[PDB]
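Protein chains in written order, with the authors' numbering: chain C, 420 to 502; chain D, 27 to 753; chain A, 27 to 335; chain B, 27 to 753.
The beta-carbon is built from N, C-alpha and C at its ideal position, and this holds for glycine as well.
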Amino acid sequence: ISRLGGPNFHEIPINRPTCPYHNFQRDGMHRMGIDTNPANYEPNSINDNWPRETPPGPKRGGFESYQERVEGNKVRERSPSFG
Amino acid sequence: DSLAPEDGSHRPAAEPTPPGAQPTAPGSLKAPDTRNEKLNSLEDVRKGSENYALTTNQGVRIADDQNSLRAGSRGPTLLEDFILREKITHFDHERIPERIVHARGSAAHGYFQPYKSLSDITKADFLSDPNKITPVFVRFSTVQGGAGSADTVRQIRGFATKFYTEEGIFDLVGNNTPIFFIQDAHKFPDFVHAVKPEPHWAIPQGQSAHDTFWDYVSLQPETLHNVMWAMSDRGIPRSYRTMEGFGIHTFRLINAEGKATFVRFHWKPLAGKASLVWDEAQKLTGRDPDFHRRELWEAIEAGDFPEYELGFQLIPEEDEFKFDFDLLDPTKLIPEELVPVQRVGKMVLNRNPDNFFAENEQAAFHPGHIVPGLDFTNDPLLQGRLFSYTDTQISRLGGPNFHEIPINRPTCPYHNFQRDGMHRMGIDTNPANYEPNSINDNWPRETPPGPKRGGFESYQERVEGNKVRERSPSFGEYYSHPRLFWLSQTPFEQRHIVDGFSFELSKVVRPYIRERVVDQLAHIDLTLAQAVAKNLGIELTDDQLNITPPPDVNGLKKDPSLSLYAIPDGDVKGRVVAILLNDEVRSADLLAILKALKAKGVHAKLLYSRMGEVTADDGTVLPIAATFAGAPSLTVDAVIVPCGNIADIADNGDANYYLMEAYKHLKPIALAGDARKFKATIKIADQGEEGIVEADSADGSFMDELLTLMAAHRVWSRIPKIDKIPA
Amino acid sequence: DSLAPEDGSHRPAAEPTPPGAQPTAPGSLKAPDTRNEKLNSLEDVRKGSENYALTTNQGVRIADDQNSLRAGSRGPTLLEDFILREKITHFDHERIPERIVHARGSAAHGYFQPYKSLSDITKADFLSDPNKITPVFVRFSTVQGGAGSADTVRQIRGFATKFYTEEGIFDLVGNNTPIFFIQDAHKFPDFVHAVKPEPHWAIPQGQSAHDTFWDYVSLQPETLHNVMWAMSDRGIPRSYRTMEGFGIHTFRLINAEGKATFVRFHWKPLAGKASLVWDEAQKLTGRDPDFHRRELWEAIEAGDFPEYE
Amino acid sequence: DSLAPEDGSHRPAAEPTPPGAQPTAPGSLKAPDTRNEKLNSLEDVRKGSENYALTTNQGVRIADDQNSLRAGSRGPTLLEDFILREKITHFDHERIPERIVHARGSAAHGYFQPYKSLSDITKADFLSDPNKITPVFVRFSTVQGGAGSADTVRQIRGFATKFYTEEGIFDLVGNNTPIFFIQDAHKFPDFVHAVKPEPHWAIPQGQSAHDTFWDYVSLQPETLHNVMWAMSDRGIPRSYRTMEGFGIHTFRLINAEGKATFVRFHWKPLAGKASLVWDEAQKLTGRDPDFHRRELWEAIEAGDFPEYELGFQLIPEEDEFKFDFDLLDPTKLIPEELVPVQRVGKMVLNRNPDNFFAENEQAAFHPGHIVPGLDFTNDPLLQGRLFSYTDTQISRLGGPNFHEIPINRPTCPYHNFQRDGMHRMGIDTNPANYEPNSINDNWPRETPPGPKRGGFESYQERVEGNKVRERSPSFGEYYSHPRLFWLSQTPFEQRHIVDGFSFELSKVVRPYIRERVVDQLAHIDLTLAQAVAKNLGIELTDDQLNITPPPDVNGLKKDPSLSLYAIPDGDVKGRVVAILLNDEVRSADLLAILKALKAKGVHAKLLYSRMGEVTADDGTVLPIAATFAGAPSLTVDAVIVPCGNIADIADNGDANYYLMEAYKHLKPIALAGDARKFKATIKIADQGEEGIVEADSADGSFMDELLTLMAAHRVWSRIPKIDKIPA
Ligand code: HEM
Ligand code: HEM
Ligand code: HEM
């Protein structure tokens, strides 16, 4: 944010994805993309809810985190296995 | 040059004075003797002006500040004019980004003190002793509009308090309603984008009456509870002094023994709860868009300090699951009938800032700023807030050293190994900038947790479950809290809720959105849904008419603490009355009127058809504060018309409209002697009516009766009568 | 889920419609056939939305945009939720400083063309040929109020036009009265500080009815001329379409022969001159603070295009 | 805790100590009693550390600064860890843009005092009385490289002084050569882009030996004069203490009567002029890239304060057109033979900063920062600088309030109507933020120009001419100053210039550029041109051999003041000698050596093949400062090898190389007793050579010889002999 002057550093040419990118984020310093979507929020009915979420799947699916088991108290402690 | 008037009337007296009596001024000049630790610590950066030479920022005296340097008096300006370039350069760079939300806000300095030690439930130092005074800086705000938007819009209001404690800054960043619109911080950008001005054309500015807000609401029923509060008169407070404040989330208190207690924070207005009515609020955004900012500043200059009582709803760790709702769900409130608010302390706001930009615009509040004795919970809206405020202040305030901007500085010691960054003020002399180090004997050093002056340690809450992006099933109930709110309101408050929804949905251009919102209202209460539908020309279906209402909340079918007016809490001090003058006022009426108002701390504004002075019947010269159009009835709480030459203003359109507007907006009106001729303007019967005070003179019980009406705020029984009235 | 109405009433028709007949919309969706060289050149950065997957800014498809990642459904949010952090970070950094003056403004795209060649008085390319069109972008504004202030305040109005010519951008940055308040730019910070909200309390927002403004005026008689225009009904225009525009300064026109001619620039409203009355204007800042912005947008959506000579 | 050593050897003594005797430290800790008005005014922002608890920036004490908060000790990190986030956020935002040019610099605090009142020629308050002491902050720098580039590169050096006067800040922003490369500021971006790292690959970093620089030079003959200075040993100073400083431009002094006198500013090093030799300087960029920064810091810590005399070349207004060059042309110098430098005062740098980033990195100097008594001229390079420095500081230092960053603040009063901007520290209490005003009686007020404490008024110079983008024809002469410079150098200085051009042009890949540069040199001097040409394998043409040399400058065929060494001015105080030890040193030699050095203020570094200590013949334990490879001969001014067990080091490759390197770089070498066995390694005849001190023991005669050689800096007569040394 400070090094590259704002939240649109992904629009600087070298950083841009070569695949499609569409979402409801808007504005910010040096905004290049000019959004035509009637909606800047979801859920919406005014743009029939696009762009839309995509379920996880074998190919071209949405990102879902691996459901790792978490168990313990909230601590600021180094694991004894690291000592 | 020496341009001030020789009589010294350019300068306000440094003593408490009523609204409009003197020009307002910087806090330190208006009340130099009002001090606190924080105010005193700002003396290193306060800059005076009187008797100093005008200079550049480098200290060079300026000889001619009226002209640029040019080659000949009609020639081109030269690049070597460094005085011109510095002055214009600073001007060109004055603005900084406004806050992403709550950009419109008004602030003041004050102090807090606990009533008794709370050491048994929290080790927080600022709550440990009744004689410990903690300076505070409070900012009140709206949510949607920009910094230049209007004050009396229909919106949730922010209520943020920075406590400068001896163990660190604690920021309590709350709103004026006990719940928020959404459950998870991940939807904050969606909700905010839906309420803010629509992206193609940037309309509308500070009001939620537009398609995208109601589209979102219709598709996300979790929002209905806070929407109900915004559509009530809670969304249009009379003043920041007359609204409640809430932290919303369940936090934790931690005592020296390590026991955690759940807590919800409350602020109770000692001036009482009071709101405007919609037509008055909307018209007031045009007649005076700075009404709440002005009213706060002038209350403080008058000595009518905004006072609030801090209160806690406390729930033992073992009672976490004993309610019908989840304690961690921010769309749910905790009814006071189930868990009472325990009084904790008092906060008094008693000095305005010196410079709005330096102190108000640059202030940075963050709910993550807690101190030992407090802790967070897993409320998923709170959890996301902890990330957002730190992040947004990097760009808003130009870097990571925003804690060095004077208003944000702690009053207690701060030492660490953090260095550099834009605008670095502190010059560190420590040989080390890391720890552990031996080169400075490891200072500054970590401090173990303890009962007092100890290091921060998080409460060891057990965490158990898989990593998931999932809403707890316990949060999936959206209509019982909205219904509990609805049933707790008086009949006139219910009508105002109906009118709020009706007006807002009438500005929604896509009719299907209006229909979907009506369908959601049918899940809350059938009477509410039918009354809004009627106003929209929509008919409920037979299915909608048979939706079974949501269950009561833990057996409650109403809680009177959710109403603004069900339980009277009126306070007349600080209120203002318009007095409509004529060119030969009966001085006796005026003497009686003004002294009765003064005795109760009620202000007055003497109005006429022009400025200047008018002479009473006995020769008393009366100074005029404003004209009828210049200070409309929207800005006052009641209207009094004294006797005298009533023929002077009897046919004045503005004077008659003043009473019609005040009458329509349910304000008490008092008419003395021949001023009773104005009864025909508002259609009052010969025998009179409740809400209209009238007598042969302003003597006897005339003022006591008017003040009784003022204590009740508005004349709710007049609602049916105002229905007609062309005003 | 949450979807469009079956009947298609969520979307505005892409044809000229009168004010209030349809929901307003982005220009390229409302009038896709209206083009000019500048409007076409913006096609590289225009971004659609229909039929596309929701993603992060790095192009990763999102599966659940309703929830943060937590350890258990009632658990603490995790630092590894990069989807949440990117979305909130962008939101957190949406705002940029507003303009120091003229922060409240409304704009539109259009085109200009000269009636005949002016090569005898100027070699400027955009004025050389009656059939050579130049794309413009115009912004109208007030002076004092912030970006979120009201439109129908009593103030001078700005009228700025960016001409995208074949020989460079020419910006004609004018106001709606033929003179300015002050004579030398060195006093601009003083005049602007005097008209803006007073420094102690930041009141009042978009109106000059306050002590500091009138103190400056009373001490600087050079301001009286533009003050007269501001106090007249010129200070409260009915619409941006019904006010005049002026460059104010004397500039020069230079022809191919090197001859200079002094010039003052004017815009004449082809809809005529019309203003509100004070009581109406002040009440309208409350009933609809976005009145001029709305009126301009709806006039263009109706085919009532603002035209100026 | 207690990580510091129990003997207290982690902290440096707060008393002057020689280079390497103690660990260096923040200025206020090393010399707490060295004070001046500016240093004292910085006390409000100085932050200590000893005995304080470690906190967040909000003042909350930290218990564990070793770990993040996580769910289980091997679990995920939680978003609610606000201590971790604050610390990482600050770290993430530490860096600010470096300076566009002169990014690599080293700075110190000091003071200035005049030698007499200059009120007859200027009303500048800081020059009005010999007892007026003005605090100063000085930054020395290279031009091209980034902030992390090396010190001993071949480049022009910057010499910027901030004077904190009673009438405002005056910044004298100069360089170490009397002219600049270009004439008009419009070409600065072109020249700078040409000298900086080439745009495709960002190579090379801090040296001008690349195609684009020499392309620009070859196409812009105005650059040749400053190029001549850079290619001479002036481009590789031994220390910031041993170089001259110049303001370059002709400015004006204005007295109380209003008379203007043209002035050129000069800084004369009281330690004398001294430079490195190219091989030594280039190798020193690898062995110690911080050599000049270290040397400045350690000289101040040792009490070897950098001292400079301020000097003025003064030319009456009526003598504007009496030279054969234009006084406003910054590529032209004013020969001291024609206009002598009047010695006006002395500046002493006697305290290092506490924090490099806060004080050095954030310092902002601007040549437009002048005070009453001084004024500009129409020099076209100076005119454009006036715009540039103000503009670049807005982004480099984050806004328009960079004058509030502690090091930049004036020590005198500053009051004006400027308000707001990012990171606004000052809280203005003036009711007015504009003038004229009546509400504050027009304060702060303008002040008419006058003899003392008056407002700034520009000298009313007559301007007559048309608006044109045109170079004055008077600036169109490029070869006579370069020629004057060349002819003023000693023979060995001339050789070094030839070698400078030859090495740099050898690194230019496009051969035609080298040829075009040689053609330009043929317009300056044939001998120079031929000698460079020969090293490049180029043959001058018939035509180039006949180019008529440029005219002398106002009758001068040389000026000895342009030479570094023509006129003896050496000073050994502060210089350093390497002493090569062996395992059984003749302690009588060391005593005599060290006693004699100490009497002249010359430091010593005791070197060996390992760290630790050795024991002398008599039992004296000698502590080793560094190894032969650890502190190469590049870092010292002379080398001394005492007697003892030479067999220990006679076969040490590093020991032999140490003497070969020092010999190659023309440094004085002294060999006592059996240390004369090292004469074979540097091939010195049995009868000895001038520059090599040898004797049976290290007595007083031996030491006086060596210190006499040190006073002459280097052994220039050895040049013809270093060709045959493989080093
Ligand atoms: C219980 C729900 C919330 C309450 C009561 C609340 C309250 C407030 C208040 C009173 C302010 C203004 C402080 C001031 O006067 O400067 C504010 C500002 C802000 N809020 Fe919250 N807020 C809530 C939820 C959120 C959430 C969920 C987020 C994002 C995840 C968020 C992000 C922000 C930001 C970025 C600002 C601007 C802060 C600054 O610029 O200094 N808020 N909020
Ligand atoms: C004849 C007198 C002037 C006129 C007609 C005028 C007109 C305007 C207009 C119409 C705008 C808004 C352009 C937009 O829509 O973005 C503007 C902005 C501005 N004006 Fe001027 N102005 C005048 C005098 C001045 C002076 C004397 C100064 C300072 C020396 C000044 C400084 C500015 C600045 C700094 C902005 C903000 C521009 C930005 O942020 O892009 N104006 N002016
Ligand atoms: C006689 C010719 C010049 C001299 C002696 C000179 C000297 C210097 C010095 C010594 C510095 C570094 C100050 C410090 O230590 O922070 C500097 C920085 C700088 N110079 Fe100049 N310079 C000259 C010409 C120019 C010109 C012609 C321009 C542009 C028109 C320019 C633009 C700059 C800028 C932008 C900086 C950085 C300032 C900052 O970031 O604070 N210089 N110059």
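Residue i: CB within 7 Å of a non-hydrogen atom of ligand 1
{"i": "residue 184 of chain D", "result": "yes"}
{"i": "residue 307 of chain A", "result": "no"}
{"i": "residue 407 of chain D", "result": "yes"}
Distance cut-off 7 Å: residue i Cβ against heavy atoms of ligand 2
{"i": "residue 214 of chain A", "result": "yes"}
{"i": "residue 165 of chain A", "result": "yes"}
{"i": "residue 199 of chain A", "result": "yes"}
Through-space distance from residue j to residue i, alpha-carbon basis
{"i": "residue 286 of chain A", "j": "residue 511 of chain B", "result": "48 Å"}
{"i": "residue 133 of chain D", "j": "residue 230 of chain A", "result": "16 Å"}
{"i": "residue 725 of chain B", "j": "residue 699 of chain B", "result": "11 Å"}
{"i": "residue 733 of chain B", "j": "residue 258 of chain B", "result": "26 Å"}
{"i": "residue 350 of chain D", "j": "residue 696 of chain D", "result": "50 Å"}
{"i": "residue 492 of chain C", "j": "residue 93 of chain B", "result": "14 Å"}
{"i": "residue 694 of chain B", "j": "residue 741 of chain B", "result": "7 Å"}
{"i": "residue 278 of chain B", "j": "residue 398 of chain B", "result": "11 Å"}
{"i": "residue 214 of chain B", "j": "residue 275 of chain D", "result": "59 Å"}
{"i": "residue 208 of chain A", "j": "residue 115 of chain B", "result": "46 Å"}
Sub-8 Å separation of residue i and residue j beta-carbons
{"i": "residue 441 of chain D", "j": "residue 80 of chain B", "result": "yes"}
{"i": "residue 51 of chain A", "j": "residue 124 of chain A", "result": "no"}
{"i": "residue 201 of chain D", "j": "residue 180 of chain D", "result": "no"}
{"i": "residue 197 of chain D", "j": "residue 393 of chain D", "result": "yes"}
{"i": "residue 579 of chain D", "j": "residue 506 of chain D", "result": "yes"}
Expected contact under 8 Å - CB spacing of residue i and residue j to nearest Å
{"i": "residue 220 of chain B", "j": "residue 238 of chain B", "result": "5 Å"}
{"i": "residue 272 of chain B", "j": "residue 291 of chain B", "result": "7 Å"}
{"i": "residue 667 of chain B", "j": "residue 701 of chain B", "result": "4 Å"}
Heavy atom of ligand 3 within 7 Å of residue i beta-carbon
{"i": "residue 440 of chain B", "result": "no"}
{"i": "residue 575 of chain B", "result": "no"}
{"i": "residue 419 of chain B", "result": "yes"}
(message) I'd like the ranges of any beta strand (DSSP E) spanning at least 3 consecutive residues and lying wholly in the stretch 569 to 643 of chain B.
(response) Qualifying beta strand (DSSP E) stretches, in chain order: 602 to 606, 629 to 634, 639 to 641.
(message) Threshold first: 3 residues or longer. Then list the beta strand (DSSP E) segments lying entirely within the stretch 509 to 546 of chain D, N to C.
(response) none
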